[PDB]
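A.B. asks: Take a look at the following structure, please.
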Amino acid sequence: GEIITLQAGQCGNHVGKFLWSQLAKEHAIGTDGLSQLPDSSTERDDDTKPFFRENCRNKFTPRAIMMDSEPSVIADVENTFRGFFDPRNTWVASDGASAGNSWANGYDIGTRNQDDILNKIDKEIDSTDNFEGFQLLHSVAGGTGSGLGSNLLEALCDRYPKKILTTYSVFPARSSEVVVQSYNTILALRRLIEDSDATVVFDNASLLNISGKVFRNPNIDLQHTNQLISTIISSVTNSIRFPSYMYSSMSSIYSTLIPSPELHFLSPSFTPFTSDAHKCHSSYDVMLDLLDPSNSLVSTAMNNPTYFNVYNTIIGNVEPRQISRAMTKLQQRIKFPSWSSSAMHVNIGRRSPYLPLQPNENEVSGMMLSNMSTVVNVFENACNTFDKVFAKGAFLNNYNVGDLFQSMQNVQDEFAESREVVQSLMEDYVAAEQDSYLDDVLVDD
Amino acid sequence: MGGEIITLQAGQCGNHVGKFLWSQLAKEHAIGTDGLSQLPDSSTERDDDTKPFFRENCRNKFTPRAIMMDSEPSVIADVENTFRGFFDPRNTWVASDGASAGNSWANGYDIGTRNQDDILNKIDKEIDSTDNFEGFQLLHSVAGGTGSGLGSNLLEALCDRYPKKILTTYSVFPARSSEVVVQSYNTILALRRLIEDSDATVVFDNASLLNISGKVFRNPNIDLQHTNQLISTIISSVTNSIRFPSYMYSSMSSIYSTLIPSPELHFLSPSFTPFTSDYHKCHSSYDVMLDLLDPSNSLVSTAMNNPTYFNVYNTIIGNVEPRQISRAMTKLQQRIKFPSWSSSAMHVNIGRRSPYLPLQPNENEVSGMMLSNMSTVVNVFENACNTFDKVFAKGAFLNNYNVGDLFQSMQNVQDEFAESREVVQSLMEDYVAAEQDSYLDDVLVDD
Amino acid sequence: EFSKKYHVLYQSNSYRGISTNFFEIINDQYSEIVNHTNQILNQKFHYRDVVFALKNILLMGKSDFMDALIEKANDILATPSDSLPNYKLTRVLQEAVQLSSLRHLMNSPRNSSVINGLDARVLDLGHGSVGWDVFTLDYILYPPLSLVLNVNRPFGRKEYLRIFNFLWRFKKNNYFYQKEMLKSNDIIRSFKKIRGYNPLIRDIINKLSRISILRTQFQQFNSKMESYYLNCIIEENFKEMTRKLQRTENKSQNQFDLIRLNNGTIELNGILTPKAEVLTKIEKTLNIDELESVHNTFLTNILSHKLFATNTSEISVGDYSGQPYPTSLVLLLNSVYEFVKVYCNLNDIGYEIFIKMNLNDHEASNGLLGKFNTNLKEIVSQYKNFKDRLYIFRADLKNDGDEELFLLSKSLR
Amino acid sequence: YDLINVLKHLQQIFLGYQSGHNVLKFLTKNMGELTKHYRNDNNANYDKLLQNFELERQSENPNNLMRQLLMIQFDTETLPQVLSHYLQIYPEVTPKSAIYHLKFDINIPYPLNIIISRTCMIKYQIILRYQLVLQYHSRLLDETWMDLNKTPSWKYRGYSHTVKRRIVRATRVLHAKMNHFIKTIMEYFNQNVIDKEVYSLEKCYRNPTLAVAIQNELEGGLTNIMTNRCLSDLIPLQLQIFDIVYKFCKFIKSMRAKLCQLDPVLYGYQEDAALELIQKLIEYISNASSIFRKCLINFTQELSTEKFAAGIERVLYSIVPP
Ligand SMILES: Nc1nc2c(ncn2[C@@H]2O[C@H](COP(=O)(O)OP(=O)(O)OP(=O)(O)O)[C@@H](O)[C@H]2O)c(=O)[nH]1
Ligand SMILES: Nc1nc2c(ncn2[C@@H]2O[C@H](COP(=O)(O)OP(=O)(O)OP(=O)(O)O)[C@@H](O)[C@H]2O)c(=O)[nH]1
């Protein structure tokens, strides 16, 4: 159907910048929204509509709604693509300067302008007929990202209860702001566990690691890291934009990937990629490297990373018998829990017909979204920091805004509830790993 | 049912709107600033009718069917300098009694009542110079001195003097509370006549006017000479189905039989989408129809807390197919809130873009207008009352409202003010009462 | 010149028999003569302009002319007799084309012949018939146009005539509604009386306002059906025909002429031509029979539309009424006219009450309120029947199946 | 004639090639009718289906002559009974869902009916009917996952900590197994048979030499598809699983409203009728799980003992138990 991107925060809008540059490259849209294709033909091989709007000028408008607290980043984006985005979707409301990188700042910016933001969302949905869901691009460390995305999730879990809420959350590597960062992380993770329908999780540590071990620039410029998130989102939605026989909706992807609305944190993996030592990595090699812990975008490196669901997306000249040999190897290799099935779903996707095969890029490239038992290890840093600082040395003087402001007791209660739901998520992941998950379900019959 | 329309311009703001309206009508018919058709004699095929709003003298020159009247001759004189020889200086009238002794309603109504002979003679002179006459187009600016007084005496005279013709004032309303006392006084005083005598009237708000002008004009130097632009745009789009006849709505009488259900609910609310008739972003006609319901596009105080639309009338201009119009109306019939006692619906009218306008690049195929008869129009009137009553109970400025009046007494003038206020109260009563489905049960069940 | 040219052309091939280059010359001659006959029809005999001045008279694509006409003809039509002058109607037409946008045609240097073809004819309904229902407009075409443009030919279906009558219904309703609206606005605005009047006057004002609202409901439904017709049937099929007539003006490449059958089975018409395949190394206009087929296709498409198809067994009937849609709609229009009659009587007797109580203040002839209340009961009963019939027609359309009919029904509600 | 483009459009219509989104759109706009009545009921008013289709075709590309010529039809014979006229299968062993009777066809215009014969058109039509059945059950399981993760009645944490397992957890586990099976069957088919034959045909018209060679490649591709095991031998068990998944989606659409009467969220009220409902659901869910496991072991055994690609081994890897 239709998928409206929702970018909330500085990290969210950086992801949006690189993601829309990519999606415009793939469909030959350029930086202004004008098709770089000669109008001599009226037949297209792709479906831009799930992510782009068509006006009477035959210009493509990305169905996105950019959010921020400092208009600087959104202005940077809209100036990089002059005339591409429709400014009637950009929203900051300029409700003063944010009083710190606090989750409460963003949450209150949302609670005070829910009217405006939901009017913008309603207007952008009004430009569609078959609407499917949202893409919420946002980090979990910052204040704007965490809080505004939390409020967006709370508003869209009920304001549009029949749509798929997808979050592509970049989590932080351990930084000097560890206290407020972990607090925002758990506060937003409350909503990511409670409201989002599917949450792709990116760990900034492994992102920076891979970005350094690929880019020629030794200093890891976080904007360069952004390209990996962009590539992952592009690969996920590639089965929808350039359609094939199987997966024409994120519903199918996630139904393949998500067993229950308690295990919906997906761990992306990708190999290879070169950006602005080839070895040609034949499709069998790609499907095998997909399981190499050195390629995951969340640091697991564990000896027992129990995979619940797997879904690989192979792009390019793919030889299905190579895929089948690789699936034999993996079904021998991958550790699946003894209570569920051992199916690895391979969607042999298409490369963008308008995107020429770039020199030193591989003939085949693959992406894996897996539902492992160890994506919670992204959350251990935050949970440890929260449980060893919130106990005595609370930083809750910043999070007193809006209704949370009314009492420090309020902030304490919300932090406690968020930690409780995060603990619930971790209990779910550690439980669904055991064979006893289905004992009292099918054996006790 | 059909005929010509005299345009009476009264007061400074009325005459400014008139200047811009005539510049517009000239643009949409290639009439030029002097009444000389800019159309070459090689193309003798006209698909329009300038005859309703222009008198075609045998000299191949169009005089606009207007009677510019005022008390301060400078503004009408400036208009005549801009339109050199366009208007007939035999239509102008200033009464040459000096500058108005104040900016109040009394001065206007008194200069009107002292020269009723001159005024009705001008209007009879303009009517005998035609055959089929239908109504008037008064540009008002209700809350001014000249505006209020001239419009009030005009309505008094033409309610019974031409008692078959559809009179319609186009009243502009101010936004600020600085001089709110005298201005709200004039507003209530003239609303007495905009409710008592007129057969129709459109309203605009200087607040929403300033807002939308600041939006569309890339100039923080917003002058009221850039809001009369939008006023003229609304008048032009209203009369488009007269200046370019088409299938359905020939004249004013028809569009009002569509718009104004009963003589009490006769104040109308405009709404217009991005437009080029002034000094692009692109959309479809479906986008136009959806944006016609934007609070930031309506020109009157919206306060759209679930407003009640009693009669909506769209006017779509350009390259538009009834398919997208039908789909847009399918969307908006489950979106606009229509009172349940009505089984009628929204009146859409597809209009012809002026062939003499510059050929628009298809980036801006369509433009549109919406007139609405909605209960929330009275919010421009409540601000006038909530000042008039409180400053009138204290008798503020009640001395400037006795100029030439037959009631030189303070008491009877206060009584006239309270009577006009009771008329406005009746207006708001009927507006809020029509919302009750039992409005028609006065006849439907009371047999 | 053309005959000499092509006689030389053929005589220069008379020795090759009926060869393939004989067919080449045939194709060249066909193109040339068809192009020239179209150009002559348009530029010399105003074909396109007579098509337009047909859509703008008998199809009423120009409302100013019809309103002016019906005004000037109020004095004659409203005489419910066949003993009309029938020659004052000439001047009625002259002054109508004078007082409309068609005075740019009657005063045109070259197109005056287009407007000199417009004439009216009266039907035959018997004695006591009303000049409003006998009266019809027409267009008098002589050759060459009379060969290409199908009009009310003395033995055809006179489709232009029946269309003009069906829309004359709407136009009569519009005229009477606007006249009565002005009369009623006069009546209501004349109540600038001191509220110290007897409460009967305030009751009159409220009753008249509610009657005005019901009359407005009537007129909105009327104008709505009129707009639907003249925008989705007349204008739609006319835009289709005009697109056909200028087909060589680089239209969308819908070259695939499909044949569709009543059993749903479809197929291409004839052979699929190759995409301009070339191995070796000029408009495509329409001829006379093709132009007449285009005009007859336009008129049929208009009369084949579901809200026009009557008097056959091929009609699908609207459930919840069991009738053909046009029968329902013409019943609605007749009820509308009966309503305007009773409502004009009500406005007249209201003027009577007002002027009698202004002559003698509640002091004489107060018995008018009996007739007033009887007419009130009558008009409210007729409004009730009206709303019933509207619900019937909406149920008819909503259960037909065609998307446009469903949307019209929904818009009618 | 651009026969490459005509074959591309025919593969987009009947094979699903690079046209999955069009099939998904067709299903979403027509999800209710293709399951109605389990048949054409007294010549049911399935003309609305044709009207929807013509409405969509009105918005189709005009230069696509094949979709302009595509005629949606309702054949009075189910897909298995149609397959029984060519292959060694067995018919139903009652009306059966309307998509099983849905079909398509094109009156290929001359001369394009010289190469694209009526035999390859019948093959295209049967292949499209099968693909529509598969994509239809996949859309069923998609919207079932949607109702299982968007209805708070199912996300609710509670249910006595016993009812939650034996009802919701067993439901989600069986639904996950059904989804994996259906999606894996569709993956195997599409990218190991359909894709293989599309690629072979594409190889054929890379500088061909004979029109009969192109006809032979086309018909051989469609025969490799129609004689493929999952289209010619596993048909009865696929039908069984399809009935099971449709019954389970019915069960889910019913529980969507009939489950709000179990936990305190129902605010007789948690009376013994609620526990009777609970036990009935436990029994029906165990019934579904049992019949599915039985038919799935049947499927695995028919897979292993037959003979050929390794896509079969992928199907095994998907459905075999620990
Ligand atoms: N990949 C990527 N990550 C970013 C980017 N900007 C910030 N981050 C990450 O997000 C964390 C902080 O979140 P921010 O996006 O800066 O949001 P914020 O801290 O609330 O700042 P404001 O949005 O201006 O209020 C940092 O620790 C970064 O690791 C970016 O542009 N790209
Ligand atoms: N559109 C427009 N409106 C104006 C303009 N000037 C004043 N107005 C409005 O008109 C109102 C005043 O009415 P006027 O028509 O000027 O009559 P007046 O107040 O007696 O002023 P004088 O003509 O000088 O006697 C103000 O409240 C303004 O809202 C103008 O230049 N353009």
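Our numbering is plain: 1 for the first residue shown, then up by one each step along the chain.
This entry, so its header tells us, was determined using electron microscopy, 3.0 Å.
Keep in mind that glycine also has a Cβ here, set from the backbone N, Cα and C atoms.
The GTP binding site annotation in Swiss-Prot covers A:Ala141, A:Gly142, A:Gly143, A:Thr144, A:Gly145, A:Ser146, A:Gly147. Feature annotation from Swiss-Prot assigns compositional bias 'Basic and acidic residues' to A:41-54. The region 'Disordered' annotation in Swiss-Prot covers A:31-54.
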A.B. asks: Using DSSP, break the region 'Disordered' (A:31-54) down into helix, strand and coil residues and give each count.
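C.D. replies: Final tally across the stretch: 0 helix, 4 strand, 20 coil.
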A.B. asks: Ligand 1: which of the binding-site residues A:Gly142, A:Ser146, A:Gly147 have a Cβ closer than 6 angstroms to it?
C.D. replies: A:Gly142
A.B. asks: Can you tell which of the binding-site residues (A:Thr144, A:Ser146) has the fewest other C-beta atoms within 10 angstroms of its C-beta?
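C.D. replies: So among A:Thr144, A:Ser146, the binding-site residues given, the one with the fewest Cβ atoms within 10 Å is A:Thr144.
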A.B. asks: With every protein chain in view, how many other Cβ atoms are within 10 Å of the Cβ of A:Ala141 (GTP binding site)?
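C.D. replies: Looking across every protein chain shown, the total is 27.
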A.B. asks: What are the other residues, in sequence order, whose C-beta lies within 8 angstroms of the center of the C-beta atoms of A:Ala141, A:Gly142, A:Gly143, A:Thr144, A:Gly145, A:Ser146, A:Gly147 at the GTP site?
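C.D. replies: Other same-chain residues with Cβ inside the cutoff are A:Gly9, A:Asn101, A:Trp103, A:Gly106, A:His138, A:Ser139, A:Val140, A:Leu148, A:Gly149, A:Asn184, A:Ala188.
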A.B. asks: Can you tell me how many other Cβ atoms are located within 10 Å of the Cβ belonging to A:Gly145 (GTP binding site)?
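C.D. replies: Total other Cβ atoms inside 10 Å, all chains included: 32.
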A.B. asks: Counting every protein chain present, what is the number of Cβ atoms, excluding its own, within 10 Å of the Cβ of A:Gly143 (GTP binding site)?
C.D. replies: 28
A.B. asks: Counting only residues 6+ away in sequence within the same chain, which have a CB under 8 Å from the CB of A:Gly142 (GTP binding site)?
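C.D. replies: Set apart from A:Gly142 (GTP binding site) by at least 6 residues yet with Cβ under 8 Å, we have A:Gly9, A:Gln10, A:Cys11, A:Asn101, A:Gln181, A:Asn184.
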A.B. asks: Would you mind listing, in sequence order, the residues at least six apart from A:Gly147 (GTP binding site) in the same chain with a Cβ closer than 8 Å to its Cβ?
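C.D. replies: In sequence order, A:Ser102, A:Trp103, A:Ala104, A:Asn105, A:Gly106, A:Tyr107, A:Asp108, A:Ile109, A:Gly110, A:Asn184, A:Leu187, A:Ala188 meet the Cβ cut-off.
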A.B. asks: Please report the three-state DSSP label of A:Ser146 (GTP binding site).
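C.D. replies: DSSP call for A:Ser146 (GTP binding site): helix.
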